[PDB]
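Student: Which chain is which? The protein sequence lines are C and A, in order. One rule links them: number in PDB author numbering = place in the first sequence (from 1) + 97. One rule links them: number in PDB author numbering = place in the second sequence (from 1) + 1072. Where a beta carbon is used, it is the ideal one built from N, C-alpha and C, also for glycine.
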Amino acid sequence: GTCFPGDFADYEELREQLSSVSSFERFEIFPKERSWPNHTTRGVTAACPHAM
Amino acid sequence: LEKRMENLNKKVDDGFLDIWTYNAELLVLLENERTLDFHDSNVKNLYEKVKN
Ligand SMILES: *[C@@H]1O[C@H](CO)[C@@H](O)[C@H](O)[C@H]1NC(C)=O
């Protein structure tokens, strides 16, 4: 689940909303490369590992 | 953000109505048959009394 520790606000309400959902469409709300010109978008952590 | 309470209230309201509807229909369909059998029994008692 949440690999980084923290509190998920209104988790059970999110489950109750997602119970009656037939489909989803995953779309890019903010592009990573172009919508942040003056910040560093590269961020990794050891609490969430992928392929060692 | 109180969807669970709304669904609980709907569950209570839709669960009582089914029980009361079922009880009313059972009461009517049993008392009708009891009334008809009672009438047939009364006619049979008059016939037996006149014969005796
Ligand atoms: C980012 O930095 C550039 C260079 O100074 C600046 O022109 C721009 O307004 C800044 N902000 C964004 C959102 O691009």
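1) What does the shell around ligand 1 hold, if a residue joins when its beta-carbon is under 7 Å from any heavy atom?
2) According to DSSP, is residue 137 of chain C part of a helix, a strand, or is it coil?
3) Which residues in the same chain as residue 139 of chain C place their Cβ atom closer than 7 Å to its Cβ, once the five residues preceding and following it in sequence are excluded?
4) Got a sec, what are the start and stop residues for the alpha helix (DSSP H) residue 1109 of chain A sits in?
5) Can you give me the start and stop residues for the alpha helix (DSSP H) that residue 112 of chain C sits inside?
Tutor: Per the coordinate set shown:
1) C:134 and C:135
2) To locate residue 137 of chain C, count along the first sequence from 1; it is residue 40. Of the three classes helix, strand and coil, the one that applies to residue 137 of chain C here is coil, per DSSP.
3) Residue numbering aside, residue 139 of chain C sits at position 42 when the first sequence is read from its first letter. Once the five neighbours on either side are set aside, residue 139 of chain C has no close Cβ partner at all.
4) Counting from one through the second sequence, the residue named residue 1109 of chain A turns up at place 37. Where residue 1109 of chain A is concerned, the enclosing alpha helix (DSSP H) stretches over 1075–1123.
5) Residue 112 of chain C sits at position 15 when you count from the first residue of the first sequence. Unbroken alpha helix (DSSP H) run through residue 112 of chain C: 108–116.
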